[PDB]
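Asker: Dropping the structure in here first, questions after.
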Amino acid sequence: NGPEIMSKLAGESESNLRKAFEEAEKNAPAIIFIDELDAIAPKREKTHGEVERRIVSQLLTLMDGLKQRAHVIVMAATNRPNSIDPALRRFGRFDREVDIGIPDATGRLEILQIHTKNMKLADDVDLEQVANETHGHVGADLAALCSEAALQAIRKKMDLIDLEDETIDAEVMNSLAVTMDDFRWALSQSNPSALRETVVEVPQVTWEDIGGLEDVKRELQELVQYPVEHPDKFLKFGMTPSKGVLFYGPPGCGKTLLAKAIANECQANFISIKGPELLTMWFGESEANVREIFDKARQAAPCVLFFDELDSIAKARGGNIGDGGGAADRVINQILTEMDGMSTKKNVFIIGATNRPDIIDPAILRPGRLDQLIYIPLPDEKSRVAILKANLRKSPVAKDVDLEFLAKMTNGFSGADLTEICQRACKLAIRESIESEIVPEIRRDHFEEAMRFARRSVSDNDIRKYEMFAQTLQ
Amino acid sequence: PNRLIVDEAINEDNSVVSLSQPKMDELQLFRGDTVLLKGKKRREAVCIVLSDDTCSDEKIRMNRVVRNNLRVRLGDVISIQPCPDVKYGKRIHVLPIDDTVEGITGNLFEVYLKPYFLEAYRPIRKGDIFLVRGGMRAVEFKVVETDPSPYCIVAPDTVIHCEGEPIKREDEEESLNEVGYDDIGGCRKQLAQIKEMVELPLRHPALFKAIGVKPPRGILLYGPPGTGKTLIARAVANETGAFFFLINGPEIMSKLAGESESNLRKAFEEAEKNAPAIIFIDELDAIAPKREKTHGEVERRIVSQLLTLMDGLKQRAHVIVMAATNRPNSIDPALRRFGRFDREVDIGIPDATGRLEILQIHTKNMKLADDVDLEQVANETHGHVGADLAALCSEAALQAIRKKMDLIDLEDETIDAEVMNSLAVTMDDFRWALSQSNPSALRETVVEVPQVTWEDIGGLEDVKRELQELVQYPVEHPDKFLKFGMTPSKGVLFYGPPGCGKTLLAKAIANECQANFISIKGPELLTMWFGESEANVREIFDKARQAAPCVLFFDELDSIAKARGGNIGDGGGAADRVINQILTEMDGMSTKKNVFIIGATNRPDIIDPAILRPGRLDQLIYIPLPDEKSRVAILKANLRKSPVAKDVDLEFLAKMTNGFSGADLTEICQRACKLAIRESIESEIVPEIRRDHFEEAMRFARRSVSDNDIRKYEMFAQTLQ
Amino acid sequence: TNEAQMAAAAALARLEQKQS
Ligand SMILES: Nc1ncnc2c1ncn2[C@@H]1O[C@H](COP(=O)(O)OP(=O)(O)O)[C@@H](O)[C@H]1O
Ligand SMILES: Nc1ncnc2c1ncn2[C@@H]1O[C@H](COP(=O)(O)OP(=O)(O)O)[C@@H](O)[C@H]1O
Ligand SMILES: Nc1ncnc2c1ncn2[C@@H]1O[C@H](COP(=O)(O)OP(=O)(O)O)[C@@H](O)[C@H]1O
């Protein structure tokens, strides 16, 4: 490990590395694990110290000596592949790498089950609830979570059992069970270590969760699934699959769900890039991070790389007024470069979203990039009913609720606005239910009351612009 | 059976323990009965059982005096039994312990023991140690001879002797003046968290050897100097019995290369040899500063040396390393990775309640005059930490000694006990000390549970109820929110004229919920943008996560839009670095952490619309100037603390003050109060506030919100429909 | 018993005078 080697004096840190490799050979087959690699061999061009330059060279020579040290494999752990001197990754040495990443909801459930194999759980304990709530946690956090839940349960019984000795009677531990209140308590106490790191996983959004847009659903399947389900037919007819599509239209119509739903059905990793992240790179002049995003997309392939609020910078720069420059900036220019150098056959499909297509740098729409354009209008009457029905799947709805009547009134409402109506009606039902204990279903009065507050977010002043733009594109 | 775990007590009395009723029924005793407690090494104590609403069923609450007599520590287990055959004593002999009888002479019995036992009816047992406080000294006594045995109640008609040299303390007992948990004032919640993490690994190592769980091996404390970081670490070691090893950055760093590493390694090796042990490293940012912030090999070397020693704690059984820093982000991030220092506690600054507790702790031995009001002091000592409050108590004690005792006593080391006990410390001595002391932590943000309740807010009846629905119902009735598939809101934004109660609304809900209130102000958001230090946004939300339950209040949300020009600016939107980082933290904050976010602005028309999207501050509440009925309610509420004459017409005042805010109505009532007080004081050189005082107050009070500002707010509210 | 209840009355008076 880094600290053990770097803490030693000049000449000692190098000897220790040499002995470690000699011992692995003498005891071969052997594995040498170097933890915190970035602590021992950081980029040489980033350090002025003599010891750091020498310790990198000493590790490089020992790695090359593995041609003679038969049957010895060296594994190393780092936080990021770009935090170490690039020489280590040269053919040979550390030429293989694996991305461990952050467990998703399924992986987190498996980890919780492993660290509870010895624990006695009460019938009320549900590790699926914990796995879904523990967003941003890594295995070490879930292990700490199980330990904290155990300690809470232990106190509740050890304070009463009165066993003060070096050993504990097996029956005392056998009668100790951990309840859901002990896991939920522990959840309120722990803090995820990987919450702000990018999380890449297959989304849980299904096509049934999106109301309307039946033709867009099929179009995305043709763009994303067919090129890999029937690659021989695309070759047969000389087809060149598109590498991405940009969505445009009013906000709150499902642009994000569309990208997630197709990523889900094809079981592809969904990488979410949001406006604030594109702005952070622009504001701080750190556009180099774009190259890491597209490199992650390749590592995660097959994947769908979604760029939301593609115009976030153009809006930060005014767009309608702006400064002395054009539509190009440092961040979009890196995006243009990375897309052009990406191979279609890596199974990376890029989806964008903008609410102001008239201010998107036209370069992004040139052939070979986001050449396809899909318009997502406000939902029509039959779609608005479908949206209301989908949103209400999680709640009891009274038979007097007329979703078609509501859809007829909410002519100018977006899908996001119909959701507010559903959630507002749910809130009203909750209020009445709570008051009745001081009703079990959402009644027509709750939806009619919700209509008194819910209003369309997109007025005709913006719809005319969306429709005229869509008309221009035929 | 009849065995309970030893815990701390709220009742300070040397002969009282507290049980929860279900254990009073198991022991077949009633409130007030005498019981016998059996500890370790054949040592017993006699006490009276009472009850409260704080003790748990499995635990028995007692003070340090009882734990010392039983030779037990917090977390241990003792036997309890009733003893209804206890009778009164006849003759007892009690002598002081030499450890406390230093610099003091005179008739210790008349000063200490006789007030302590006379009509006190205290149960005693042979060998019992008890502490008698007074005269600015804490003197403990031992019972060495009793006619009845082995215990009795000392009636006022018994004979108490006290003749002979002070007793030399035995090795089986500890001094009651040693630092313990009862010496720590504010930050009681933080101490409780540490106790849960530390007491069991050290007090009951068998549990962690036998049970498949991992102990904490490192706790990082942080906060301003003088708040108790080193006091907590030492108090924990003293209470659990672990050996306390002291390390500090600047001393280790003052050594030559090779000496600093050797000394650091030795401390860890000694802790293992003396395990269980606690290693406390003060000024962690000085011994192990961020490697990416230094240049030399030696500075990076000592960081690597500490990092590997922390990992070595998996082999050094029963050793916990604690550390203290001023800022949690001033230390090398490797120290905070899984293992090593995987736990941390935010000590911060004590609030008005904590400051009062500290003043009371450092006055335990002081005789205070009837005019002394420590709550008034705690409210005045804003920006003071425990180090400053302790100085205030000692300075007040010294002034009382110089005024009286120096005209009675000799210029020598030994003072009569009677003269010491005859001295009382007046309020003038505390106020003098306040003029001499200067707060050491006045600029840092202070997080406190507010004392504002709903009755403190005039008007806004529906807003008060709305906040309860937004903040309490998601956790009071979670089965209804799940049943109807409703996602609770994470926060609400308030807009409208200034001085209408926006702050009280956030504090009032925090008060009822017993939650910490965190005040974030525009100047913090402005500095972060201009100084390119948006990392401080994470610190704000991280504090809220650690302070939970809490209400995180973002004032002056318009400051970001104003920083970009506000009324003029460029042609773009409101998006910027600071708001992007704030929105990111909001999205990553779960409602399951019991953290609710409230925003406020006086310019809602320029707030970045992103903050109003679902998942953020999606709820909008308008807080207008109080109306006719609300202004009367405000004027009445401000006067609950003082008598009001029948000639005062509060409705007439409310009718005139049509353009006044709640802040302006408060000045009217408060000014009338000051005017009534002025007249009252003059009358002795009046019992109530008269109409003349309110009419005079109206001569100075003015409206703070102009008619043009009102129209701006009403037009916006109308735009929202 | 009665001597214990008189001891409790004295302890309650001390605690209430100091804490109130
Ligand atoms: N067609 C639709 N069907 C169901 N829900 C929708 C639809 N369109 C929008 N919504 C609702 O509106 C919200 C916002 O959708 P999203 O696509 O995330 O907007 P944007 O992409 O503009 O941020 C979603 O949470 C969803 O519940
Ligand atoms: N939270 C606190 N509660 C009670 N007393 C405190 C607190 N913080 C500090 N003090 C008192 O102030 C002094 C602090 O001195 P010291 O132990 O050297 O701490 P520091 O690390 O601040 O220098 C002690 O007299 C201690 O009793
Ligand atoms: N609705 C109200 N009822 C009673 N007092 C109020 C009300 N609104 C304001 N005040 C008084 O005005 C003072 C300032 O309130 P605050 O909300 O802090 O104003 P600001 O908007 O400047 O933060 C408070 O100390 C309070 O006493």
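Indices start at 1 and increase along the chain as displayed.
Just so it is clear, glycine is given a Cβ too, placed from its N, Cα and C backbone atoms.
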Asker: Can you check which of A:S190, A:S242, A:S312, A:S433 Swiss-Prot annotates as phosphoserine?
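Answerer: In Swiss-Prot, A:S433 carries the phosphoserine label; others show none in the record.
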Asker: Hey, which of A:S193, A:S343 does Swiss-Prot call phosphoserine?
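Answerer: So the answer, going by Swiss-Prot, is A:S193.
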Asker: Consult Swiss-Prot and report the residue, out of A:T106, A:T167, A:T280, A:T344, annotated as phosphothreonine.
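Answerer: Swiss-Prot annotates phosphothreonine at A:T167; the rest carry no such entry.
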Asker: A:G252, A:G254: which of these binding-site residues has the highest Cβ count within 10 Å of its own Cβ?
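Answerer: Ranked by Cβ atoms within 10 Å, first place goes to A:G254.
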Asker: Rounded to the nearest Å, what's the C-alpha distance separating A:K255 (ATP 2 binding site) and A:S433 (phosphoserine)? Just drop the number here, would you?
Answerer: 35
Asker: Between the Cα atoms of A:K236 (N6-acetyllysine) and A:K399 (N6-succinyllysine), what distance do you get, rounded to the nearest Å?
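Answerer: Distance (Cα to Cα, whole Å): 54 Å.
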Asker: When you average the Cβ positions of A:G252, A:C253, A:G254, A:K255, A:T256, A:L257 for the ATP 2 site, which other residues in that chain have a Cβ within 8 Å of that mean position?
Answerer: A:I210, A:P251, A:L258, A:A353, A:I376, A:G415, A:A416
Asker: Do you know which of the binding-site residues A:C253, A:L257 has the most other C-beta atoms within 10 angstroms of its C-beta?
Answerer: A:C253
Asker: Rounded to the nearest Å, what's the C-alpha distance separating A:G252 (ATP 2 binding site) and A:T167 (phosphothreonine)? Just drop the number here, would you?
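Answerer: Checking the Cα atoms of A:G252 (ATP 2 binding site) and A:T167 (phosphothreonine) gives a distance of 62 Å.
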Asker: Chain B proximity: which recorded positions among A:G252, A:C253, A:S433 have CB distances under 8 Å? Answer 'none' if there are none.
Answerer: A:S433
Asker: Just the number: how many Å between the Cα atoms of A:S193 (phosphoserine) and A:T256 (ATP 2 binding site)?
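Answerer: One finds 27 Å between the Cα atoms of these residues.
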Asker: Would you mind reading off the Cα separation of A:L257 (ATP 2 binding site) from A:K399 (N6-succinyllysine), to the nearest angstrom?
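Answerer: Given the Cα positions, A:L257 (ATP 2 binding site) is 29 Å from A:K399 (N6-succinyllysine).
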Asker: For a quick check of packing: other C-beta atoms within 10 Å of the C-beta of A:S433 (phosphoserine), how many?
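Answerer: Around the Cβ of A:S433 (phosphoserine), 18 other Cβ atoms lie within 10 Å.
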Asker: Would you mind sorting out which recorded positions among A:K46, A:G254, A:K255, A:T256, A:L257 put a C-beta under 6 angstroms from ligand 1?
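Answerer: Cβ under 6 Å from ligand 1: A:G254, A:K255, A:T256, A:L257.
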Asker: Any idea what the Cα distance is from A:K46 (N6,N6,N6-trimethyllysine) over to A:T256 (ATP 2 binding site), rounded to a whole Å?
Answerer: 41
Asker: Select the closest residue to A:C253 (ATP 2 binding site) from the following modified residues, measuring between CA atoms: A:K233, A:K399, A:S433, A:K465.
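Answerer: Looking at Cα distances from A:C253 (ATP 2 binding site), the smallest one goes to A:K465.
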